[PDB]
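Undergrad: here we go, the starting part of the complex in its complex frame:
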Amino acid sequence: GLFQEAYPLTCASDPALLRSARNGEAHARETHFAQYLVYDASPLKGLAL
Amino acid sequence: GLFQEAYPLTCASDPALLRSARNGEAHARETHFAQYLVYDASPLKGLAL
């Protein structure tokens, strides 16, 4: 309501490249030849969800 | 004002090459086939900025 902006998820476009994102932030690769990752920026970051 | 010197920032010429630098000092590569990184030297080194 204040910021009029929304937050991204842990999303990608490879099922392969997503599985790097379960180890942690600092070690998941973000791109590929034509593929990409979007790592979250949410208040779910330090949580168990 | 004392030194007539300015400081360098975390800076690269590839966005791919910058992503190595977010971990820390000793792991970040600098040079590539025609590319370069500038790892910062500031009073903001041990801070969250």
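TA: Noted; the coordinates are in hand. Numbering: from 1, shown residues only, chains lettered A, B, ... in the order given.
Undergrad: list the contacts of the nearest residue to residue A:43 once chain neighbours are set aside.
TA: By the measure of Cβ to Cβ, 6 or more residues apart in numbering or on different chains, the closest residue to residue A:43 outside its immediate chain neighbours is residue A:7, 8.0 Å from it. For every residue, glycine as well, the C-beta is placed using N, CA and C. Counting by Cβ atoms under 8 Å, 6 or more residues apart in numbering or on different chains, residue A:7 touches A:40, A:41, A:42, A:43.
Undergrad: okay, now residue A:32: neighbour count?
TA: Burial measure for residue A:32: 13 neighbouring residues, criterion other Cβ atoms under 10 Å in any protein chain shown.
Undergrad: apart from its chain neighbours, what residue comes closest to it?
TA: If the residues on either side of it in the chain are set aside, residue A:32 comes closest to residue A:17, at 6.0 Å by Cβ to Cβ, 6+ apart.
Undergrad: here's chain C, drop it onto the model above:
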Amino acid sequence: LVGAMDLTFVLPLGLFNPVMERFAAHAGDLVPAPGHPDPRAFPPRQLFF
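TA: Below is chain C, added to the chains above:
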């Protein structure tokens, strides 16, 4: 006192990478079988989360 939240999320479906982002992590990161074209180098049309 049990309240609730309203978080909204953004997922991109079919974007494409810029010029300095179409690369690989290594020369042999995610390579398919010999005698088969690369299924990754096609433009993306899916998501996974």
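Undergrad: same as before for the neighbour count of residue A:32, with chain C this time.
TA: Applying other Cβ under 10 Å, we find 24 residues neighbouring residue A:32.
Undergrad: excluding its backbone neighbours, what's nearest the residue of chain C found nearest chain B?
TA: In chain C, the residue found nearest to chain B is residue C:20; the distance is 5.5 Å by Cβ to the nearest Cβ. Closest residue to residue C:20 apart from its sequence neighbours, by Cβ to Cβ, 6+ apart: residue B:14 at 5.5 Å.
Undergrad: what about that neighbour, distance to residue B:33?
TA: From residue B:14 across to residue B:33, the span is 10 Å (Cβ to Cβ, to the nearest Å).
Undergrad: again, but for residue A:19
TA: Residue A:19 sits 30 Å away from residue B:33, taking Cβ to Cβ as the criterion.
Undergrad: out of those two, which sits in the busier spot?
TA: residue A:19 (12 against 4).
Undergrad: if we can go back for a sec, so how many other residues sit close to the residue nearest to residue C:20?
TA: Taking other Cβ under 10 Å as the neighbour definition, residue B:14 ends up with a count of 16.
Undergrad: chain D should join the structure above:
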Amino acid sequence: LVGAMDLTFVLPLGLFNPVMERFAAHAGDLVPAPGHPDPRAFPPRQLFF
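TA: So that you can see how it sits with the rest, here is chain D on the chains above:
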């Protein structure tokens, strides 16, 4: 007592590396898909920070 700072900074746009600094960290550090030119090898004209 709440003071302020004046920190000037330096960023180089379009320089070029010397003779003994045009290499790669491996043979396959950042290679594009086969059958494509290398946007890495060209003299850089961008910055990112």
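Undergrad: so, the neighbour count of residue A:32 revisited with chain D in the model?
TA: Residue neighbour count, defined by other Cβ under 10 Å, stands at 25 for residue A:32.
Undergrad: ok, the closest residue to chain D within chain A - contacts?
TA: Among residues of chain A, the one nearest chain D by Cβ to the nearest Cβ turns out to be residue A:33. It sits 4.7 Å away. For residue A:33, the residues meeting the contact criterion (Cβ under 8 Å, 6+ apart) are C:22, C:23, C:24, C:38, C:40, C:41, D:32, D:33.
Undergrad: among those residues, name the ones in strands.
TA: Counting by DSSP state E, no part of these is found in strands.
Undergrad: which ones among those residues also lie next to chain A?
TA: Counting by Cβ under 8 Å from any Cβ of the partner chain, C:22, C:23, C:24, C:38, C:40, C:41, D:32, D:33 from these sit close to chain A.
Undergrad: which secondary structure element contains the residue of chain C found nearest chain D?
TA: Residue nearest to chain D within chain C: residue C:27 (2.8 Å; Cβ to the nearest Cβ). Using DSSP states H and E, residue C:27 sits within no helix or strand.
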